[PDB]
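# An overview of the molecular structure
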Amino acid sequence: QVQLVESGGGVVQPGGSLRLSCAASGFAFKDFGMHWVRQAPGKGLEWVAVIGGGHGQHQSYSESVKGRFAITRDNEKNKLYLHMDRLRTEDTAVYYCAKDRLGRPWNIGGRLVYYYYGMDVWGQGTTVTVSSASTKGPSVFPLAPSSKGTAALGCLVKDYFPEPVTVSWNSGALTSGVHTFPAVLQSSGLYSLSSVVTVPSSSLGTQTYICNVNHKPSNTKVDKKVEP
Amino acid sequence: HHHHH
Amino acid sequence: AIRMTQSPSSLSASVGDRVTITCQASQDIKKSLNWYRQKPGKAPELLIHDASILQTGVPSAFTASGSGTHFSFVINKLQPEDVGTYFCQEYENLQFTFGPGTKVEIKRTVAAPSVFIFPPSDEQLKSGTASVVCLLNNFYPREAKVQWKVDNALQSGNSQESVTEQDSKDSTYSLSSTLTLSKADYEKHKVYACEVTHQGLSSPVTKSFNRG
């Protein structure tokens, strides 16, 4: 019902520019203030920016972000925007757009006052990576099940840049027993990841198993199937 | 890396 | 301007117990506090608003209370799906500063890992590199050690590890180790083995293969 979808993320040179979009649906978007919150790869949630709901202009920023990012919105298009300039290494993060429980203003005491109450619905988030390094698609190799009863088989996604890589199995039809591991950064400067699944040993001859790996900074979709 | 009981 | 703290930093509890975590604010923030949960790899979801009120559409599995500078969040009866990080956030400010988070894992019986070994694929030996992969599947507790041997010679500095987060159903951990060498010295040796030590093993488990 209430849906927030982020877009526009990707890789950008340090000091470059990028704009994030957030499509809203399932509520009166014009009637609520909205936030951008980010999450670094090894840190917690950090509030970035807010725009006020209703009639009239109000935007607020964090100290780490003020004067360099801009938060705008388009109520006819049901869209929220985060314009980013002068981007820095610390800005590399997953960016969620989020809905405030209220955030519209009131005319109180001859003044206009806004009441923000925090985020109540979030999107899945979009990844912004700032670096001067080259984007490299991953090479995908099988981890074949041994015929030597539970069996394990997997997918090795290697030498890609940057994060993130998504891996599913049998186009999402196979979820049980799957363990996709955190990616490791090699001395290479490129990432490597593993996706594993355990199956009944009988199934190795009967059931087909394919890993579906996506690297969207590369626009590489690969389907590799694992055979004994 | 909390060590359990 | 407002510093928010949480206690404890990380905890382990048993399934069925009720779990209490505390949040505290630098200055009085009245009852302007929210409680969020983030399961591993998912986005935050808001569980409690205005200190004590449960959010619409969320089950009656959490309670919360507090005021002024002291706030508490309680899971009524803990389940394996509730592993994750619990944040408090103040909204008495325009900074909306979050707390550092409280990591909630759950304690279960010891489980020894299932070890698998995977040789480098023929496709990757085209590239001139060889990646041997060792998998430690569904163990508990989280601590485990992997050691790579080549012709019974210990390796150092040419392998990397990765551990998944606690599983949402059976509360176990999994670990993947990747040993990378060049094809040239890979073909120089014969037997490749990964040796696993875990709290649930009387002796190290060695899984190995030969190039043929």
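By the method listed in its record, X-ray crystallography, this PDB entry was determined to a resolution of 2.76 Å.

Here the focus is the state of the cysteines. Two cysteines whose sulfur atoms are joined by a covalent bond form what is called a disulfide. All names here are of chain C. On inspection of all chains with the given rule, the structure shows four disulfides over all chains. Between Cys23 and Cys88 runs a disulfide, and the two sulfur atoms are separated by 2.0 Å. Across the disulfide from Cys23 to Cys88, rotation about the S-S bond amounts to roughly 80 degrees, and the bridge is consequently right-handed. Here the residue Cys23 occupies a position in strand β3 (residues 19-25), and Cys88 occupies one in strand β9 (residues 84-90), the gap between them amounting to 65 residues. Along chain C, the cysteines that take part in disulfide bonds pair up as 1-2, 3-4, counted in sequence order.

Right, let's talk about the domain arrangement of chain C for a bit. All names here are of chain C. Segmentation of chain C into domains returns domain 1 (1-107) and domain 2 (108-212). Computed over C-alpha atoms only, the centres of domain 1 and domain 2 are separated by 37 Å. At the interface, seven residues of domain 1 touch nine residues of domain 2. Both sides of the domain 1 and domain 2 interface together cover about 660 Å² of buried area, and 47% of this is carbon and sulfur. Scanning the region where domain 1 abuts domain 2 turns up zero salt bridges. Where domain 1 meets domain 2, there are three residue pairs in polar contact. Here the side of domain 1 that touches domain 2 is built from residues that sort into four nonpolar, no polar and three charged.

Turning our attention to the side chain of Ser176 of chain C. Mapped onto the secondary structure, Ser176 of chain C falls in strand β16 (residues 173-182). Look at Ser176 of chain C and you get buried, because its relative accessible area is 3%. Polar contacts involving the side chain of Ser176 of chain C include one to the side chain of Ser194 of chain A, which spans 3.4 Å. Ignoring any residue separated from it by four or fewer positions in sequence, one finds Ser176 of chain C in contact with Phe181 and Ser194 of chain A together with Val133, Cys134, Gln160, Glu161 and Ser162 of chain C.

Time to look at the interface of chain A and chain C. Taken together, the 40 residues of chain A in the interface contact 40 residues of chain C. Here chain A and chain C share an interface that buries about 3300 Å² over both sides, 63% of which is from carbon and sulfur atoms. The largest share of the area that chain A buries against chain C comes from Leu45, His179 and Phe181 of chain A, three residues that together contribute 18% of it. If you look at where chain A meets chain C, you find one salt bridge. Residues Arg101 of chain A and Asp50 of chain C are paired through a salt bridge, measuring 3.1 Å at the closest nitrogen-oxygen approach. Between the two partners, chain A and chain C, sit nine residue pairs in polar contact. Broken down by secondary-structure element, the contributors of at least two residues to the side of chain A that touches chain C are β4 (34-39), β5 (45-51), β12 (119-122), β14 (139-143), β15 (150-160), β17 (179-180), β18 (184-185) and β19 (191-200) of chain A.

Thresholds applied
- Residues numbered from 1 in each chain as written, not as in the entry; some residues may be left out.
- Chains lettered and ligands numbered in written order.
- Heavy atoms only, no water.
- Residues with missing side-chain atoms left out of burial classes, pairs and counts.
- Disulfide = S-S within 2.5 Å.
- Helix = DSSP H or I, 4+ residues; strand = E, 2+ residues; numbered from the N terminus.
- Domains from an automatic or database assignment.
- Contact = heavy atoms within 4.5 Å.
- Buried area = accessible area lost by both parts, 1.4 Å probe.
- Salt bridge = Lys/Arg side-chain N within 4 Å of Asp/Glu carboxyl O.
- Polar contact = N/O pair within 3.5 Å; in protein donor to acceptor, adjacent residues only side chain to side chain.
- Nonpolar A, V, L, I, M, F, W, Y, C, P; charged D, E, K, R; others polar.
- Buried < 20%, exposed > 50% of the residue type's maximum accessible area, 1.4 Å probe, protein only.

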